[PDB]
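Below are the chains, spelled out letter by letter.
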Amino acid sequence: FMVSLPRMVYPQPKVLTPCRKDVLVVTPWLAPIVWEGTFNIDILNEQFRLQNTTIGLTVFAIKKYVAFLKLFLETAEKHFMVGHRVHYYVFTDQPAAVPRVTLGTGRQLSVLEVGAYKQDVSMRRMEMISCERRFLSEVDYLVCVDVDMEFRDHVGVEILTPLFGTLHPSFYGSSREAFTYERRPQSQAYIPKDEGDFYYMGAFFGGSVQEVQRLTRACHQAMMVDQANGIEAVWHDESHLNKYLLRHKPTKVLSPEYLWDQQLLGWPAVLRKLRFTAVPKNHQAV
Ligand SMILES: O=c1ccn([C@@H]2O[C@H](COP(=O)(O)OP(=O)(O)O)[C@@H](O)[C@H]2O)c(=O)[nH]1
Ligand SMILES: [Mn+2]
């Protein structure tokens, strides 16, 4: 049950004036595409706070990637779901290397020890996430992100919905034939050249606990079939994520404001804010 919103004073939405004319703000299956200017955060804050919403954030920090945690967590404190209940789940092979980061009120962090794989690290996240009964008891939504990242601007309850994906910053302008989907029919992740809505980033997806568990279970199962079939998808977990979200349409899609790389891609006109961004790294070294 959901109580009434309080009286609120804000600018009237204008039916004959779009918020944004430069971008698509709704998908053909009527899911919002979340861009700056499309949402009144005060209204959304009210709605989610009235439900006493708790947001779980999962992050894997395996082997050298423990180095990324301090910046990741400190910036999350400044920008991620501020004012709402947050539970961070940090999956790591080195619990002692987790930095002591000061948390605001209503926010907690749990350290979950896991093994370290020698592609496998990235891929096993789906399995590791799918944990099941615990998330259901502790949080309302789960957000699953990469750790080699920092928050630079607001990432809030505007993202929350049963199931979301994020537009990959390199491909939001690309035609579907150019998308780097798995193209081999022998893989569970296979998507033909005439199919595909968007290319979603593996580094930021989420939803209700129920929908995230479904997604992660399905992707884990598909990866297992592939392994038994001697095939590994071209972009690993991301390829499977893309297949899942093709066949199970997300109820919101996050714009590339939510997963950006400024070093690689700059700051184009279509982006009013850079919210959650790649931290430069030496890939093979790290
Ligand atoms: O040695 C590793 C490699 C990967 N990861 C995790 O898997 C995610 C995805 O890998 P990475 O960020 O290297 O992929 P990219 O964004 O460069 O495609 C990382 O953010 C970490 O959360 C990790 O913890 N340790
Ligand atoms: Mn990454």
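Residues numbered from 1 in each chain as written, not as in the entry; some residues may be left out. Chains lettered and ligands numbered in written order. Heavy atoms only, no water. Residues with missing side-chain atoms left out of burial classes, pairs and counts.

Time to look at the overall build of the chain. Per the secondary structure count, the chain includes eight helices and ten strands. Against the globule reference of 19 Å for 286 residues, the chain gives a C-alpha radius of gyration of 19 Å, in line with a compact fold. (Helix = DSSP H or I, 4+ residues; strand = E, 2+ residues; numbered from the N terminus. Rg over C-alpha atoms; globule rule 2.2 N^0.38 Å.)

Let's shift gears to the sheet that holds strand β2 (residues 54–61). Ordered in space as β1-β9-β7-β8-β5-β2-β3-β4, the eight strands form an open sheet in which the pairing is mixed. At either margin of the open sheet sits one strand with a lone partner, and together these are β1 (33–34) and β4 (107–113). Here strand β5 (residues 141–145) runs beside strand β8 (residues 204–208); their pairing, made up of five bridges, is antiparallel. When the bridges of β8 are listed, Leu142 appears paired with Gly207. (Pairing = 2+ DSSP bridges.)

Time to look at the pattern of salt bridges. Tallied over the entire structure, the rule returns 16 salt bridges. As a salt-bridge pair, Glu36 and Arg275 come within 2.8 Å of each other at their nearest N and O atoms. In this structure, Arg184 and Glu182 form a salt bridge, with 2.7 Å as the shortest nitrogen-oxygen distance. Look at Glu182 and you get buried, because its relative accessible area is 2%. (Salt bridge = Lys/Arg side-chain N within 4 Å of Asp/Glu carboxyl O. Buried < 20%, exposed > 50% of the residue type's maximum accessible area, 1.4 Å probe, protein only.)

With respect to spatial proximity, the complete set of residues near ligand 1 consists of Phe60, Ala61, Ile62, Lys63, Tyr65, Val121, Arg125, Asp146, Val147, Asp148, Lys281 and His283. In this structure, an oxygen atom belonging to ligand 1 sits 2.8 Å away from a main-chain N or O atom of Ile62. One nitrogen or oxygen atom from the side chain of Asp148 is found 2.9 Å from an oxygen atom belonging to ligand 1. Expressed as a share of its isolated accessible area of 510 Å², the protein-covered part of ligand 1 is 76%. (Near = heavy atom within 4 Å. Polar contact = N/O pair within 3.5 Å; in protein donor to acceptor, adjacent residues only side chain to side chain. Areas by Shrake-Rupley, 256 points an atom, 1.4 Å probe, with all protein chains shown as cover.)

Before going further, it helps to spend a moment on the UniProt feature "binding site: Mn(2+)" in the chain. The positions that UniProt labels "binding site: Mn(2+)" are, in the present scheme, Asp146 and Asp148. Locating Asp146 in the fold gives a position in the loop between β5 and β6 (149–151). In contact with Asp146, not counting residues within four places along its chain, are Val59, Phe72, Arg125, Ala203 and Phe276. Reaching out from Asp146, the side chain makes a polar contact with the side chain of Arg125 at a distance of 2.9 Å. Counting through the fold element by element, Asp148 comes out in the loop between β5 and β6. Judged by relative accessible area, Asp148 falls into the buried class, the value being 7%. The contact partners of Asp148, leaving out residues within four places of it in the chain, are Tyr65, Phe68, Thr277, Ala278, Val279 and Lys281. (UniProt positions renumbered as here; feature names shortened; annotations may be inferred. Contact = heavy atoms within 4.5 Å.)

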